[PDB]
Number of protein chains: 2
Amino acid sequence: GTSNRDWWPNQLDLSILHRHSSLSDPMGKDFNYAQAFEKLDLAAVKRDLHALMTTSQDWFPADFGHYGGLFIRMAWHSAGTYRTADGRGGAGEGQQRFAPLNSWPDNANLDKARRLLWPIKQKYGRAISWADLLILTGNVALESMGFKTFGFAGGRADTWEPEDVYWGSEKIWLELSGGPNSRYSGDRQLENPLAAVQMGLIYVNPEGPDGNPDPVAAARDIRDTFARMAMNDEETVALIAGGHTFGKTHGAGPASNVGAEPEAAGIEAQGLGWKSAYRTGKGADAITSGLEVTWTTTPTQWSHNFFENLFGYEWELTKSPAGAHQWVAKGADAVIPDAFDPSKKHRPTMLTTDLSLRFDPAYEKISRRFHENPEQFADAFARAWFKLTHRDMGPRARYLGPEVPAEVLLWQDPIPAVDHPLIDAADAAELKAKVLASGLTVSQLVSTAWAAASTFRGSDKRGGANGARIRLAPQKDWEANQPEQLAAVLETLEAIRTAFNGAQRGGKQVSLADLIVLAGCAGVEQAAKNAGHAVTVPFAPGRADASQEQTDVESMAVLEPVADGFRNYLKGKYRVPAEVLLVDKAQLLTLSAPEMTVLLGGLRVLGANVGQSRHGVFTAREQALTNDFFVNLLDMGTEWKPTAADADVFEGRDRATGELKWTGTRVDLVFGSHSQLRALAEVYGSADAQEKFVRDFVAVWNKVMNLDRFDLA
Amino acid sequence: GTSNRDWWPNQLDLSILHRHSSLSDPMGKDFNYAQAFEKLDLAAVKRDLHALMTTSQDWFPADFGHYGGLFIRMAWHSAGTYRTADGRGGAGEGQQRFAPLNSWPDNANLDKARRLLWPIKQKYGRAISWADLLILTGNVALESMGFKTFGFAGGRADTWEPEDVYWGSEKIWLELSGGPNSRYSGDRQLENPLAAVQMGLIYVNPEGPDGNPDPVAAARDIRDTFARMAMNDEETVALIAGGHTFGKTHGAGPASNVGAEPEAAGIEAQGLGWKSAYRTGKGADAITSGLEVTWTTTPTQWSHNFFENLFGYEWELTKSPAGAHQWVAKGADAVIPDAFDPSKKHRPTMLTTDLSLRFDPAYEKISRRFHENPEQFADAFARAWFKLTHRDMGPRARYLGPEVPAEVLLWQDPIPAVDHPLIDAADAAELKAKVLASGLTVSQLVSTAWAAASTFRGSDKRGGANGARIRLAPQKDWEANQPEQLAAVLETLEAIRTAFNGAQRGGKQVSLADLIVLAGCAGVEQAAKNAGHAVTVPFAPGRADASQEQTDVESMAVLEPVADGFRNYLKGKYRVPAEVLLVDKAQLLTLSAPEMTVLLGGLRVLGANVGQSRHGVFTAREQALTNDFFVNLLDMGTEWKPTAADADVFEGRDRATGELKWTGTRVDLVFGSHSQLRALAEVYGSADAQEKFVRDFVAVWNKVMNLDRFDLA
Ligand code: HEM
Ligand code: HEM
Ligand code: NA
Ligand code: NA
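- Structure determination for this PDB entry was carried out by X-ray crystallography, with a resolution of 1.9500 Å recorded in the header.

And the structure:
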C-alpha cells in the first residue's frame, strides 16, 4: 500500500503531535496512576520479586540459579537510552516493551527478562506500571545480592504506543561508522542528539570503537556517550564496575545461530525473539551479545572483586566462541565459577570497555581510589544508579512511595519548599494592575513569561517557569532571551515584588517565579483589551525561587533554545529545515497541531519575536490579540517569493501593484503551505473566529505556564 | 530518520484506528456541525457563489468568463474517488483538500478551484464545511448555466487529516498495467477494492485503456469502474454526457512545462501546484490533462449539443498540442467558440471515452434514447448527479437543510418512518424475559445481533441493525451469518414478536429490528449472570423494518463480510494476512484498538465464532462473560506452534507435558504477539481487571448496536 510518506518523503510529519490520544489508551479518562500506585503494597511486590530471583524457568534458565544479573542489565538498558540533548529516551515511559527498543540488538534476550515479570505485573495490575516495575526489579536484584540501594521512587505512568524518536539515519542495524548515513563526522564527532556509537546500541561497542579492540580509544567513546547521558567520569566508572560486579555475558556459539528479533519473529513466538538453534538454545548454551565473559568469583553477590581482578592481572586479547574480541587474564588459575556446572571453573575475563577503566589515565585514578576504598565505590555506585534510573522523571514532586530518598540532589534542579501563605485572587488582580501601571509593555511581559516557561520539555520533564531560573546563570544570558531587555524587565518586576511583599502581614508573600508568570498573564489580558475584548487569564500561584547554588549551570546548557519558531528564532544555520524544528519544539512542549498553530499566531501579533523582527508580524495593530496573523497569511491578494540575499526569508507583495506588504520565514509561511496546517489556519482566519481564537490562545498560554506544575497534579 | 515502518515494513499498523482524535481537531469537543449548518443562511451562500462564477481572477482566469465547468469538474472529482467495495472515498469528508488527493494528477488545477472558494469559506466560517461547499458549488455552477438540479443536502462534517485508504501499490504516478505492482491480472480484472484503472486517476484513462485510443475497449473500463462506484449503464451515460455538456479540457502545450504537484511544491507556492512555464501559464495557455477538447457550441450553457455532435459527425483520431490522443469531427466547420479570443472558432472534438458512449452497443442505445428524448436525459443526469454527490452520506436522517429532495431513492437503503408508540423499559424487561425463556442460547443471541449490527461501515455510513435486513435477501443467505442457525433464531424471535404485538393496546408495537438487538442484549446479560455478575445492558428502541422491495440485493452484496475476525471467519484465502483484515474491519466499525481488543475477547467466550469453531475460545466456561481469553492467551505455561496441515492455525500446548490445550488462528494470536496489542491484552488479563473487562465490553457492544442510529444522533 503506497502512502503519503512514500510519495512525499520530505514533507513535514505532524502525527508526532497527536500520539498518546485517549483513543489508544486502554485506561479510562479518569485513571490516575499516582492514586493507584500510592495504594500498592510495595513491600509485598518486593518480596515477590525477591523470590522470583531464584526461581529458574526452564524455557530460559537462570545463570548460577539467580536472575539478578539479567534484571540489572534490563533496568540499566531501560534507563540507558536517555539523551541529555533532547531528554528523549530513558526508563520513564517503559518504552523498552515497544518498537524499536524491544528489538534493538543490544536488548537481545531482555524480552525473556520482561516475560519473567508478567506474573507479578498480572498480580498487581494497574497499581504498578511496567515502567516502574522494570526499575524496581533492578533495585530488588541489587538488594537480594547484598547491595544497599540509595532509594526508589514510583510514579512512571505506562504509555501505550512507541515514542517518536530520532535514533539516527542508518538503514542497517549496528552499521559501522563512515557509511552513507554516518552518525560521525570530523575527528569522531557524534551528531546531536544521538548518544550511542552505532544504531541499536545503548552506548558503546564492547569490542571497541567500530570493533577495534583498543581500550584507550574505547575510553573516548565511553566518556563521550556517558556525558551525553548526563554522567561524568566518577559516575561512569562507578556504574560500569558496579554493573559488571554481577552476572555474565553470553556467547557460547556463533551469532548466525540466532534468529529474528521480536518485531520480525513469527506470530507463534508470542512477543519473544532471538530464538537460537545452537545446542539447547538457552542457559549453558545462551547467545546474547556474542561475548563470553564472567567478571567476578561471586557473580551473585556484591563484592570488590571486579577491581581486584582488573588491577591484579595482565590481560591478553582473545576471542569468544562467537568470534568476538575479549580479554583473558594471563597465567591465572580457574577461579571463576561456571553458570551451570559445579565441576567447571574459568579464568578471569574482561571486555575491551572494562579495561578502559584502567588504561585511560583519568579513569585509572578513580578506579584506583575505588579499588583501595570499596566503601567509596559502593556509595558512588548507589548514587549513580539512582540518578541513572530517575534522571528523566522530572521534579521531586512527581516521586511516589515510601523509599524516596530525602537528600536533595543538584541534578534534580531542585525547587525550595513553600513555607508561607499564597496570594489570592484579589492579590493577583492587584499585582496585575501594578505590573501594567509600571509601563512594562505587552511585548515585554509576554516575551519574558514565554522565555521562562518555554524551557520545559515533556521528554524528561525538565525546565519550566518554576524556580525563576531565568534570572540566574545561564538562562539570563542566553541569546534567545535577549539578556539586556530581560534584565530591565526583571528589575522592574523585582521592585514591584519588594513593595508588595513589604506591605503584607501574616507571612503572605509572592515569589518572583509566580510574578513573572502573572505579569505575562497581565500582558495577555491587556492585549485582549487592546483588541476590544475583556478576558481573564487563569493563574495558579505556588512557584518558588531557586538559588544559583541550587542550579547546575553545565546541566542547564542542554535546555537552551537554539531554535524557537514561537519567537521566530534560529541561533545558527542547521541541516534540518526550520519548520521541522518548530514541530520538534511543539512535541517537547506537549502541544497538538491546533495548539501550536493558535499559539504561534498569537505570539506573532503580541511582539514575542526575538529582536523585534518583523518576520511574520502580519498585523497593523501589534500588541493587540487578534487573528490577524491568519487572515493576512491566507489573503490570496498577496504573492510570496524568496529574497535574493536569503532563500529562507520571503517577501509578500500585493499581487496587483507589487507593493511590499510583509516579510516572513519558513516558520511563518509553512502555515500557508502544508495542507494540514493551512486547514487549521483557515479555522482561525475565518470571519466567525475572533472569540474562538482568543479563547484557544488563552487556553494554550495557560497550559504552557503550567507545564512544570506537578505540585498541583 | 529511520522509523519502525522502515525496520519492519510488514508489521500491522494500528494508527489507522486512532486517526481523527480530539488532538488533531481544531474544534472543541462539543462542536456539532449539524447545528451550525442548520443556522447557515444557505440562500446567502448561493448568491455569493452565483457572483463568483463570473468574477475572473488574474492568477487563474475563467474560460469563457465563467468558472462553472471548472467547478463541476471539482465537485465530480470530490465525489468520484468513492468505491462501493469498502465505502471509502467520496465527497463526504472533504478529503480533496488533503494528501494524497490534493496532488493526484487527475486533480491538477483543482487547487485553483478550491482557492477561488476561500473567500466564501472564510466569510461563513464553521457554518459550512469545505466538504459541503465543494458540492454546493458544483450545484450552483449547474444552476448558473441553466440546469435545474434534483436538490442538495448539507451535513458533511469536515475532517482534519488524511483518511487511511488503500489506493493501490504502484510506486509510480499513472503507471500503466502489468508492472510489478499491477492492479490488473487475468482478463483485465481490477483488484478489489480499487475503482480506478491507474494510480492517481478518478476512474479511467481519457485516451483509452493504458493509453490505447480504442473507444470500444475504453467502454469496458468505464462500465467496470463506474459499477465499482455504484453506477449502472443509464446513470453512467447520463453523467458523462451531462458533465461534458459544459466547459473544456486544457492542453495548450507540452506537459513537460508543468511543475511540481502541490505536496511537492516550494513553500512560496502557498498550497498551490502545477505551476506552468508554457507561455502565460494559465487561461488560453492552460495545461491540466494535456488534452484540448471543447465539446459544445455553448460551453457555458446547458444544451442538447453533446449528443448532436456525438452522432452528427464521424470522428478522426488526432493529437492535442501536448501529444495526447483525441478525436476531431471530419469535415466540420469551426463552430465551437474559443475560451479567450472572440475572433477564433474550432471544430468539434471528443475524447476516446466520449466516443465510448456511441461505439459500445449497450451505451449507444441509451445515448440514442437521450438524443431523441432530451427531457429523459435531463432528468437522468439530475438524478445521477444527486446520487453521485450524496451516495456516501448514509441514511436520509443525516440530510440537512431546505433543499433536501422528498423522494425516497432505493440506493439510500430506506427505512420506514416509525408511526407508533415505542416500547418502554417495562416492555423491554418483559421481552428480554420471554427471549431467555424461549430456549435461545447466549451464543445464538449474541451471534445474531452481532451479525445484524456489524454490517455498518463508517466510510459511507451504510449497514447496521436498523431495517432488519438480516431477515431479507441477501443477508439471510450469507455464509458468515450461518443461514440455517439464523433461520431458527429469527423464527423464534418472530413468534415472540407476534405474540407481544398482538397483546398490545394503543398502536404500541415492537419492530423485528429492535427485537433482534434487544435479544442480543439479553444474551449479554445472561452471560454476565453465568459469570456471577449483575449487569444491565443499555438498549434504545426505534429501529424499523425495511421491506425486500426497499432492499437492493446487488448493492447489498458489497457489505458481505468475507473476513470478520470478530467471528473468526475467513471466507477463503487472501493475499493480505487475516490480522490486517481484522484491523481494517475495526476501522469500518469505528473502533479504537482498545475497543477492538475488548470486543474480540468477549465475543470469543460468548460463542460468536462461525460454525462454533474452538479457535480462540480460551475458556472452560463458554457463554459466561469473563476475561478468560486474555488470561489464557498470556499464560507462559503454554507454547504455540503452527500445524502441519495449516500454517494459519496454531496449537497451544502445555510447555511441561506437551498436552494440547487450545487452538487458534492468526486473528487470535496476534493479541499475544504484536507489541502494542499485547500491552492492551495485559490490562484485560490482569487480576484486577474482571469488572473493567465486563464494563468496557458492555460499552463497546452498545456502541456497535447503535452505529447506524442517526435518528437519535
Ligand atoms: C561501557 C558501558 C557498558 C558496556 C559496553 C557494557 C557491555 C555489556 C555487554 C556486552 C554485556 C553482555 C550481554 C550478554 O551477552 O548477555 C553486558 C552485561 C551486563 N551489563 Fe554491561 N555494559 C556497560 C555498562 C553497564 C552498566 C552501566 C551496568 C549497570 C550498572 C551494566 C550491567 C551489566 C550487567 C549486570 C550485565 C550482566 C547480565 C547477565 O548477567 O545476564 N553494564 N554489558
Ligand atoms: C469516463 C469518465 C470521464 C472521463 C474520462 C473524464 C475526463 C475528463 C478530462 C480529461 C477533463 C479535462 C481536464 C482538463 O484538462 O482540464 C474533463 C473535464 C471535465 N469533466 Fe470529465 N471525465 C469523465 C466524467 C465526468 C463526469 C461524470 C462529469 C460530471 C458529471 C465530468 C465533468 C467534467 C467537466 C465539467 C469538465 C470540464 C472542466 C473545465 O471546464 O475546466 N466528467 N473530464
Ligand atoms: Na525521556
Ligand atoms: Na467514504
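Once you've had a look at it, read on.
### Description of the overall build of chain A
Move 1: Looking only at helices and strands, chain A features 24 helices and 12 strands.
Move 2: Along the first, second and third principal axes, the C-alpha set of chain A runs to 90 × 65 × 50 Å.
Move 3: Residue burial in chain A is summarised as follows: out of 713 residues, 58% are buried.
Move 4: Counting only contacts in chain A whose residues sit at least 6 apart along the sequence, the fraction spanning at least 24 positions is 71%.
Move 5: Accessible surface for chain A amounts to roughly 26600 Å². Of this, 51% is attributable to carbon and sulfur atoms.
Move 6: Across chain A, 73 positive and 89 negative side-chain charges occur, with their mean positions spaced 2 Å apart.

### Quick notes on the interface of chain B and chain A
Move 1: Across the boundary between the two partners, chain B contributes 85 residues, which contact 85 residues of chain A.
Move 2: Three residues, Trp7(B), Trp8(B) and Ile267(B), lead the burial of chain B against chain A; their summed loss comes to 11% of the area buried on that side.
Move 3: At the boundary of chain B and chain A, one finds 4 salt bridges.
Move 4: One salt bridge connects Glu682(A) with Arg97(B), and the closest N-O pair in it is separated by 3.8 Å.
Move 5: Taken together, the links from chain B to chain A amount to 32 residue pairs in polar contact.
Move 6: Elements with a minimum of two residues in the side of chain B that touches chain A: α1 (4-7), α6 (118-124), α21 (628-633), β10 (638-642), α22 (666-669), α23 (675-684) and α24 (690-705) of chain B.
Move 7: For the side of chain B that touches chain A, the leading source of residues is α23(B), giving 8 residues.
Move 8: Split into classes, the residues belonging to the side of chain B that touches chain A amount to 37 nonpolar, 24 polar and 24 charged.

### Brief notes about the pairing of β10(B)
Side-chain positions along a regular strand alternate between the two faces of the sheet.
Move 1: In terms of strand pairing, β10(B) meets strand β11 (residues 649-654) of chain B through 5 bridges, oriented antiparallel. Bridging from a neighbouring strand, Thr638(B) pairs with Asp654(B) of β11(B).

### A look at the packing of aromatic side chains
Residue and element names in this part refer to chain A.
Move 1: Tallying each qualifying case throughout the model produces 71 aromatic pairs over all chains.
Move 2: Note on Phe307 and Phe377: the rings are 5.2 Å apart at their centroids and 70° apart in plane angle, and the pair reads as edge-to-face. Here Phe377 lies in helix α13 (residues 374-390) and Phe307 lies in helix α10 (residues 305-312), a separation of 70 residues in the sequence. The same class applies to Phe307 and to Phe377, which are both buried.
Move 3: Above the plane of the ring of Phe60 lies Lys112, whose end atom (NZ or CZ) is 5.5 Å from the centre.

### A few points about the packing of helix α20 (residues 593-606) of chain B against α23(B)
Residue and element names in this part refer to chain B.
Move 1: Put simply, α20 and α23 touch, their axes get as near as 10 Å, and they point 55° apart. Taken together, the axis directions place α20 and α23 in an arrangement best described as oblique. Both α20 and α23 take part in a crossing whose hand is right-handed. Contacts between α20 and α23 pair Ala593, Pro594, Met596, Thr597 and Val598 from the former with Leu677, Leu680, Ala681 and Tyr684 from the latter.
Move 2: Looking at the contact of α20 with α23 residue by residue, the classes come out as 8 nonpolar, 1 polar and no charged.

### Details of the pattern of salt bridges
All names here are of chain B.
Move 1: For the coordinates displayed, the defined rule picks out 96 salt bridges over all chains.
Move 2: The closest approach of N and O atoms between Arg88 and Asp86, which form a salt bridge, is 3.1 Å. A single burial state applies to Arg88 and to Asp86, both of which are buried.
Move 3: For the salt bridge of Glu430 with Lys434, the shortest nitrogen-to-oxygen distance reads 3.0 Å. Placement of both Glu430 and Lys434 in helix α14 (residues 425-437) is noted, with a separation of 4 residues, approximately one turn of the helix.

### So, the side chain of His250(A)
All names here are of chain A.
Move 1: Along the chain, the position of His250 falls in the loop between α9 (233-243) and α10.
Move 2: With a relative accessible area of 14%, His250 lands in the buried category.
Move 3: Once residues lying within four places of it in the same chain are set aside, the contact partners of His250 are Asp63, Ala286, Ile287, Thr288, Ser289, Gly290, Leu291 and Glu292.

### Observations regarding the sheet that holds strand β12 (residues 660-665) of chain B
All names here are of chain B.
Move 1: Spatially, the 3 strands line up as an open sheet ordered β10-β11-β12, and their pairing is antiparallel. Each edge of the open sheet is held by one strand with a lone partner, namely β10 and β12. Between one strand axis and the next, the sheet turns by 25° as a mean value, whatever way the strands run.

### A look at the UniProt feature "binding site: heme b" in chain A
Residues and elements named next belong to chain A.
Move 1: Taking the UniProt record as the reference, the feature "binding site: heme b" is found at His244.
Move 2: Within the secondary structure, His244 sits in the loop between α9 and α10.
Move 3: Not counting residues within four places of it along the chain, the set of residues in contact with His244 comprises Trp295, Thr296, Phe306, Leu351 and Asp354.

### Examining the environment of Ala473(B)
All names here are of chain B.
Move 1: Positionally, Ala473 belongs in the loop between α15 (442-453) and α16 (483-503).
Move 2: Given a relative accessible area of 23%, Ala473 falls into the partly exposed group.
Move 3: In sequence terms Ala473 and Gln548 are 75 residues apart; their C-alpha atoms lie 7.2 Å from each other.
Move 4: When sequence neighbours within four positions are dropped, the list of residues in contact with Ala473 reads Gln548, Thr551 and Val553.

Here is what the cut-offs are and how they apply
Residues numbered from 1 in each chain as written, not as in the entry; some residues may be left out. Chains lettered and ligands numbered in written order. Heavy atoms only, no water. Helix = DSSP H or I, 4+ residues; strand = E, 2+ residues; numbered from the N terminus. Buried < 20%, exposed > 50% of the residue type's maximum accessible area, 1.4 Å probe, protein only. Contact = heavy atoms within 4.5 Å. Areas by Shrake-Rupley, 256 points an atom, 1.4 Å probe, with all protein chains shown as cover. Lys, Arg positive; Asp, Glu negative; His and termini not counted. Charge placed at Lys NZ, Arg CZ, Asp CG, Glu CD. Buried area = accessible area lost by both parts, 1.4 Å probe. Salt bridge = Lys/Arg side-chain N within 4 Å of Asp/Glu carboxyl O. Polar contact = N/O pair within 3.5 Å; in protein donor to acceptor, adjacent residues only side chain to side chain. Nonpolar A, V, L, I, M, F, W, Y, C, P; charged D, E, K, R; others polar. Pairing = 2+ DSSP bridges. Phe/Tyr/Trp six-rings, centres within 6.5 Å; stacked < 30°, edge-to-face > 60°. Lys NZ or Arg CZ within 6 Å of the ring centre and 35° of its normal. Axes fitted to C-alpha atoms, helices over the stretch in contact; angles between N-to-C directions. Parallel < 35°, antiparallel > 145°, perpendicular 65-115°, else oblique. Left-handed = near helix turned anticlockwise from the far one by under 90°. UniProt positions renumbered as here; feature names shortened; annotations may be inferred.

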